[PDB]
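Data block below; observations after.
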Amino acid sequence: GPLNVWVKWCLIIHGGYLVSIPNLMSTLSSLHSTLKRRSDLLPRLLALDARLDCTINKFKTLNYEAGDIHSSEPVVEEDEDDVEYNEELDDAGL
Amino acid sequence: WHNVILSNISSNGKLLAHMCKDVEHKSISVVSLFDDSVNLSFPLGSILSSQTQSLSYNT
Amino acid sequence: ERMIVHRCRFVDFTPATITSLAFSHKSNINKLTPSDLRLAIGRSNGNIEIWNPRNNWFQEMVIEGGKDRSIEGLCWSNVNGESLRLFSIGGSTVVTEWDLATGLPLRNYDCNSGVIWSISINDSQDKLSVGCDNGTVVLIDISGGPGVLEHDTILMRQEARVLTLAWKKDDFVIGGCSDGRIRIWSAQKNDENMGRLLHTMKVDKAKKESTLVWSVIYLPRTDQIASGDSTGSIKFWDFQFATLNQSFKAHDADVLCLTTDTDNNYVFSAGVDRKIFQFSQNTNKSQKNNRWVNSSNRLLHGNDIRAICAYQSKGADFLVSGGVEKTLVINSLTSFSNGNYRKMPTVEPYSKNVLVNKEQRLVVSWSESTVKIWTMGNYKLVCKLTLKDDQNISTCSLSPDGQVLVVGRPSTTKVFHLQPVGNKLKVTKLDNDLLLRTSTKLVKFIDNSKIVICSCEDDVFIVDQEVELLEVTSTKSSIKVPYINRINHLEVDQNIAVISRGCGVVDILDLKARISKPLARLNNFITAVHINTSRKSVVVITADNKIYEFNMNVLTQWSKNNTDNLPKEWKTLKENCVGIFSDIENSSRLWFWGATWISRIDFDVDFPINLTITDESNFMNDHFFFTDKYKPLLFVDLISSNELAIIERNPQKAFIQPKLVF
Amino acid sequence: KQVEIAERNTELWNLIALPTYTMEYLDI
Amino acid sequence: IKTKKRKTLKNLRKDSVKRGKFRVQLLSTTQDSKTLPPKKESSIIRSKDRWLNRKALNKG
Amino acid sequence: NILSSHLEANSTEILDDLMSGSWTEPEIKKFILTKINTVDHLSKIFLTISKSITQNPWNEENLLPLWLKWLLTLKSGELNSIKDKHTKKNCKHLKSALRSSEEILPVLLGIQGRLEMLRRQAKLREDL
Amino acid sequence: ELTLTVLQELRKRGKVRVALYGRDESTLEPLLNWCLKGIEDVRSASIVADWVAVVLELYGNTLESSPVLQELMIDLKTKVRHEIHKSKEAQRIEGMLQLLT
RNA sequence: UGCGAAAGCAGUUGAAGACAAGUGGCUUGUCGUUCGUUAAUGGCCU
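Those protein sequence lines, which keep their order, are chains L, E, G, D, H, Y and X. Letter by letter, the first sequence follows residues 102 to 195 of the numbering used here. Letter by letter, the second sequence follows residues 8 to 66 of the numbering used here. Letter by letter, the third sequence follows residues 451 to 1112 of the numbering used here. Letter by letter, the fourth sequence follows residues 386 to 413 of the numbering used here. Letter by letter, the fifth sequence follows residues 407 to 466 of the numbering used here. Letter by letter, the sixth sequence follows residues 170 to 297 of the numbering used here. Letter by letter, the seventh sequence follows residues 136 to 236 of the numbering used here.
What follows is the structure, encoded as structure tokens:
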């Protein structure tokens, strides 16, 4: 991310020296290999983000069909005052 | 043996078993060949389990 | 309207794990199945069900135990000519013998040494071994009569706890212990070496943990001891010379229980790795060489197998097995690997734990020592009663109008006034010491105030007083199985009741004159009884899955053609109909249900024509609608003229035996 | 807009339970 | 009342209090001793089920 | 509104190209999803949009490709099971019409790099 | 490289699906939480691509139920968005020095 | 299956007979049968 800003400016400014050099690829092989291995897999993560984004907005729109329902759905309870009226030994007591 | 599917002979060569295909299904018969010591036969549905008849053909 | 159906899954009534199976009679292949054969199932919450394997395993009685009670072993005893006797150990220092009539302990014999780990019964059944935690084996003299138990002899002690027992004959007693060893004591009275341990054998220990010998049986056709231990290995030991013949490395974890057939051609074995292994010696070469082979292996259970037993007669040859998953499994003995099997439902509610009342749309349900009440609306839990002055619960009923609940166990009963205070209830005890002293099985509410009470000692009171009740002829099966002449059912509405005892006797009773007018008229155990006010009828259904109806003041013509025009669903039914009621909108249609289906028969129509106890053995003597899409079923009822209440069940670590991956 | 059309087309190329209480009905 | 309800429940339920050098035990009732078998020893029941759920057999 | 007019027209019997035109008229994303969520069956919308995107795999309108990608997101449990006799060669020729863009995304990104280099050195050498 | 080689051995050898069958929310979160880190590298991202593709192929309903791996899928989406911007701009640098031959 | 480049481009999927199950036929499904078409909880050694 940050360093290829440097490499695009080196090509733009020194566009004459390294077009007059006789073996461009042989002299900066490591750049060619790095960019080839970075951009070679671009169809693969194209297919990955297509398949990923499809399921992502699929559940997003299915859950946005009912996104307001889970805001007040939880009406759960606990051992309420029926437990106090339940404790028959504590009903003989108090 | 008028229809044979599969066959094998014992290590000493003293008897041999084989299959028949004689009707609902196949059959299995063993026979001693160098003597009439034993020769038996039975349908192999009595070999096979009761689970295998409701399962795939590999069973 | 059409039928609107409340498919409720609120009640989480869950049974407990089967820990002990036993058969009442021993095997005797070449004679008929006796009419007195009962299977006994001790669970782990402390209740003992007693099932009869006639016509697909109905459940006759249930003997419940209370809070913090369990049951680990149980053994039958039937000296020929005397009543059945049922002893059981819990996790305690006593043996508990139960009388089968009341469903109570009639004896708590404290064994005089330590906490009992196992129990076994002598061959000829006059003595009882209890193997205890402090290494003792205690003999209890049983033959004094039913109820009276004497101490006999503490056998020669040892260090480690004896976890399983068996007898050779009247002579020797074999015991597997928790130090990986198998001792052999002599219980032969009037010998010089009586009580001292004759032999000790040691199984192949586990490398990285202690070894426990969990199951030991004697095999009388040969002269061996079979033994399963906690490595999974199963060993066969020659009794004389006290030494191993052959060891199999069968299971992957412990072997909790193993059993054999009559002639000892097979040994079945099972444990925590949840497979049942079968070891066979049926070949003539196997019998003349004394060589068991590891014949087969089946995976049928879900979590464990903690109990296994076998029965084998002329019209019955099945091994029965149960474990941590709460269901029972029946397989065939001589056709184990080949034949079929039946996994029973986890509950078949012959005794219900749920009932509804149509007013307030409410339903009560009681598990062990607590009741709970909720209303329909959704649904809302309005009240509950976790009465802990109680220890054990049993049957319960609500007043019509929903005013007073009455809970009742075989020791006492208690009545609670209820007042709906809105989104809650207020519940208050109302004192009555007659109720507080009486034993109750069934309470069924003649009026809003009057109830009828069936006592565990065969008394029929009417409170808020005494129904004359005639006596029954005591035959051999009634003296053998001592609860056959006990009132199972009573159903009542509007001053007319009917009771039912399992000999095939169903007797009406007018609540005014309190006279019987008997209509016994039956052949076997009666599954359910419901009274039709239309037609003036009683409706009995027996264990053979036949519906009879009779009139009151013998069977009607509708019964006379219905019984043999009965549908194919009823003719191939496997689970007995435990509940009948009548429809609410029509007073003449009736709506009934078993544990895996719901049916409804029509009062006038008739339709046109064109692994059990199956022998010639007797019983205990000597528009039509059918659905099953609510099959894990617990209770159904009605509320009003269009809706239905279908309350069912819904679901633990287990030994992973993985399915093949692809 | 050509790389946008090409990205979307390539996406097309590589693109090629029980509750606790119900209420239902059955036959009368 | 929320932090001592089990305290007052157990202190009213339990018996056999101390009196100086002595200890005044209640005797139980024939009611419970003849309606039920005694409770399991939780030590040995925990030993048996803890053995059958030991870590060496990988349950799941 | 106009989405309901397009819904009624495409649901009655006919006017499928005009129906996709009326869908392209208002053309909301939320209503675009709603028109897929409402209908219970299609009259081979996949077939007509298959032939439209086959005849124009390079159109500047995003309407029919947006409709196809939301149809494939929300209803592809049923497009693989509605029909498999003409639909098989339909998806075949659609897949072969669309694979060429996957073939030529690298050269377009290369030319984008070319042109950014040229325009940035031309902005650079701007004669003081 | 050890996580990568056991992923590649399960990919070549048998079945990604066999290795992923009995899972649920709590037992997939290690895989996806590593796939966040592995999607950045060149050497892992093909394997990360097909493993994420298979797990969303056969766990599309757990996507609906559990919200606490929805957010993991969203974070994975922004990761593949950053990586696809990187793999596009690398092709642009590749063209812009292909111009200088 | 054919031509191909690793992309893709054209073609599909019949008949007879026997047997099994279900309700002599009728339906469905198989085949250690023929003709034609380019076409079973069961996992790896010391």
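The C-beta atom is built at its ideal place from N, Cα and C for all residues, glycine as well.
I think residue i touches residue j, with their Cβ atoms under 8 Å apart; what is that distance to the nearest whole Å?
{"i": "G:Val956", "j": "G:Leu972", "result": "6 Å"}
{"i": "G:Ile491", "j": "G:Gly523", "result": "With 8 Å as the limit, G:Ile491 and G:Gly523 do not qualify as a contact, their Cβ atoms being about 12 Å apart."}
{"i": "G:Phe1085", "j": "G:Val804", "result": "4 Å"}
{"i": "G:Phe727", "j": "G:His701", "result": "7 Å"}
{"i": "G:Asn753", "j": "G:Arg724", "result": "6 Å"}
{"i": "G:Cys906", "j": "G:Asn935", "result": "About 13 Å separates the two Cβ atoms, so there is no contact after all."}
{"i": "G:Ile1106", "j": "H:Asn459", "result": "Their Cβ separation, rounded to whole angstroms, is 13 Å, which puts G:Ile1106 and H:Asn459 out of contact at 8 Å."}
{"i": "G:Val653", "j": "G:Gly630", "result": "5 Å"}
Determine whether the beta carbon atoms of residue i and residue j lie at a separation below 8 Å.
{"i": "G:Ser763", "j": "G:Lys481", "result": "yes"}
{"i": "H:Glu447", "j": "G:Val612", "result": "no"}
{"i": "G:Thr863", "j": "G:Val854", "result": "no"}
{"i": "X:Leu235", "j": "L:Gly116", "result": "yes"}
{"i": "Y:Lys238", "j": "Y:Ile205", "result": "no"}
{"i": "G:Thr1006", "j": "G:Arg985", "result": "yes"}
{"i": "G:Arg792", "j": "G:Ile1089", "result": "no"}
{"i": "G:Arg488", "j": "G:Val922", "result": "no"}
{"i": "X:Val153", "j": "G:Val1111", "result": "yes"}
{"i": "G:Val865", "j": "G:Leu884", "result": "no"}
{"i": "G:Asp840", "j": "G:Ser815", "result": "no"}
{"i": "G:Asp1056", "j": "G:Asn1001", "result": "no"}
{"i": "G:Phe768", "j": "G:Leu1061", "result": "yes"}
Can you give me the C-alpha to C-alpha distance between residue i and residue j, rounded to a whole angstrom?
{"i": "G:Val779", "j": "Y:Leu248", "result": "46 Å"}
{"i": "X:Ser161", "j": "X:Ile219", "result": "29 Å"}
{"i": "E:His9", "j": "G:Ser745", "result": "34 Å"}
{"i": "G:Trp1047", "j": "G:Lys657", "result": "51 Å"}
{"i": "E:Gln58", "j": "G:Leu534", "result": "40 Å"}
{"i": "L:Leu143", "j": "Y:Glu272", "result": "12 Å"}
{"i": "H:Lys420", "j": "G:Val598", "result": "34 Å"}
{"i": "G:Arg646", "j": "G:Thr710", "result": "28 Å"}
{"i": "E:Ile16", "j": "E:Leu22", "result": "6 Å"}
{"i": "G:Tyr668", "j": "H:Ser453", "result": "27 Å"}
{"i": "G:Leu1083", "j": "G:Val917", "result": "35 Å"}
{"i": "G:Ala616", "j": "G:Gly625", "result": "6 Å"}
{"i": "L:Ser134", "j": "L:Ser173", "result": "56 Å"}
{"i": "E:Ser39", "j": "G:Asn715", "result": "30 Å"}
{"i": "Y:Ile218", "j": "X:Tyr194", "result": "30 Å"}
{"i": "G:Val913", "j": "G:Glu1066", "result": "46 Å"}
{"i": "G:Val588", "j": "G:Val544", "result": "12 Å"}
{"i": "Y:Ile171", "j": "Y:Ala178", "result": "10 Å"}
{"i": "G:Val705", "j": "G:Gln731", "result": "20 Å"}
{"i": "G:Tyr559", "j": "G:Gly553", "result": "17 Å"}
(Q) Any contact between the region 215-233 of chain Y and the region 276-291 of chain Y? By contact I mean 3 or more CB pairs, one from each, below 8 Å. (A) The region 215-233 of chain Y makes no contact with the region 276-291 of chain Y: fewer than 3 CB pairs, one atom from each, lie closer than 8 Å.
Q) Any contact of the region 23-41 of chain E with the region 1099-1107 of chain G, i.e. 3+ C-beta pairs under 8 Å? A) The answer is no - the region 1099-1107 of chain G does not touch the region 23-41 of chain E, with fewer than three Cβ pairs under 8 Å.
Q.
Runs of 3 residues minimum, wholly inside the region 787-820 of chain G: which ones carry the beta strand (DSSP E) assignment?
A. Entirely contained in the region 787-820 of chain G, the beta strand (DSSP E) runs reaching 3 residues are, in chain order, 791-793, 804-807 and 812-817.
(Q) Ignoring anything shorter than 4 residues, give me the alpha helix (DSSP H) runs that lie fully in the region 700-781 of chain G, in order along the chain. (A) Counting whole runs of 4 or more residues, the region 700-781 of chain G contains the alpha helix (DSSP H) stretches 734-739.
Q) Hey, which unbroken runs of the alpha helix (DSSP H) at 4 residues or more fall wholly within the region 618-650 of chain G? A) Counting only runs that start and end inside the region 618-650 of chain G, there is no alpha helix (DSSP H) element of at least 4 residues.
Q.
Does the contact criterion of 3 or more C-beta pairs under 8 Å hold for the region 150-164 of chain X versus the region 112-130 of chain L?
A. Contact fails: fewer than three Cβ-Cβ distances are below 8 Å.
Q: Any chance you could list the alpha helix (DSSP H) runs of at least 4 consecutive residues sitting entirely within the region 925-990 of chain G, in chain order?
A: For the region 925-990 of chain G, whole alpha helix (DSSP H) runs of length 4 or above, ordered along the chain, are 926-930.
Q.
Which runs of the beta strand (DSSP E) at least 3 residues long sit entirely within the region 427-466 of chain H? Give them in chain order.
A. Listed in chain order, the beta strand (DSSP E) runs fully inside the region 427-466 of chain H are 428-430, counting runs of at least 3 residues.
Q: Count the C-beta pairs between the region 994-1005 of chain G and the region 1014-1034 of chain G that are closer than 8 Å, then say yes if the count reaches three, no if not.
A: Taking 8 Å as the limit for Cβ pairs, the verdict is that the region 1014-1034 of chain G does touch the region 994-1005 of chain G.
Q) Any contact of the region 831-851 of chain G with the region 499-507 of chain G, i.e. 3+ C-beta pairs under 8 Å? A) Contact check between the region 831-851 of chain G and the region 499-507 of chain G: fewer than three CB pairs, one atom from each, fall below 8 Å, which does not count as touching.
Q.
For a minimum of 3 consecutive residues, which ranges assigned as the beta strand (DSSP E) are wholly contained in the region 135-170 of chain L?
A. The region 135-170 of chain L contains no whole beta strand (DSSP E) run of 3 or more residues.
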